[PDB]
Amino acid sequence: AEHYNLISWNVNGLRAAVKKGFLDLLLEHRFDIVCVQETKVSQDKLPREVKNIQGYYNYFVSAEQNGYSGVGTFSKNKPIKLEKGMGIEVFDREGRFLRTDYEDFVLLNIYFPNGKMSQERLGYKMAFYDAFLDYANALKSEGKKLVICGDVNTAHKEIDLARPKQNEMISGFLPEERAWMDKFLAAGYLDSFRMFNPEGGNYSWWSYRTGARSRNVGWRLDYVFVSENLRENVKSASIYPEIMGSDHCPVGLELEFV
């Protein structure tokens, strides 16, 4: 396994997205790894069409709350280790985190919390960010190569959304959230899209408000990060705005080893 083409997508409900192209994306076999966030799958009851996909292994975690959160990873290769959650109950019970190790790297697939509903959920989001950073840093200390994909639910810089000056009081673009992303990258991680493309207008989420996606009034909420030790392995990093069916579009990257 010299090459990995990875795609990551918040589907805003997996059952619904299966009728709107997700199955096409998976069954095309274009991607070595397909990560989905926000499956909204209750009690491990996956859509039948997803259950016995062929040529892919698949792994899912569900939240305790039904119809909420949930993430899954499909891969052509069988992981050498599977861990559902970071090992902290108050975060693991929301089904936001799925680890799959491969021979060449550790993959963390994450649906980071949205902080808009309340102060308490903004607090939870920031606490989740802290736990995640400590978790990733411990693996990095051990010499793992880390790939982290998913929906961070924050636009890092002003260039990462179309209307920054309308959104500074909104979770998603709060100074403290952006500051946490600064702290994360400074610990030795790379925003893969920005390894190759410095330009604005590159978003991965748009409101369902009429015409917002057509007018590209968007936010870049979805990322793939790599630990610095993977810099020379990253050959491309993409956003896929042509893929419909959710309020987010996919993002991805390509790795090459050996």
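A residue's number is simply how far along the shown sequence it sits, counting from 1.
- The stretch 230 to 238 shows the higher mean C-alpha B-factor when 243 to 251 is compared against 230 to 238 in the entry.
- Once the C-alpha B-factors are averaged per stretch, 148 to 156 and 77 to 85 rank with 77 to 85 first.
- Listed residues 181, 169, 108, 71 were ranked by CA B-factor as deposited; 169 comes out on top.
- Sorting 52, 37, 192, 204 by the CA temperature factor given in the entry leaves 52 at the top.
- The PDB entry assigns residue 99 a C-alpha temperature factor belonging to the lowest third of its chain's modelled residues.
- The deposited CA B-factor of residue 59 belongs to the lowest third of values across its chain.
- Ranked by C-alpha B-factor against the other modelled residues of its chain, residue 220 falls in the lowest third.
- Ranked within its chain, residue 91 lands in the middle third, by CA B factor from the PDB record.
- Per the deposited record, the Cα B-factor of residue 212 falls in the middle third when ranked against the other modelled residues of its chain.
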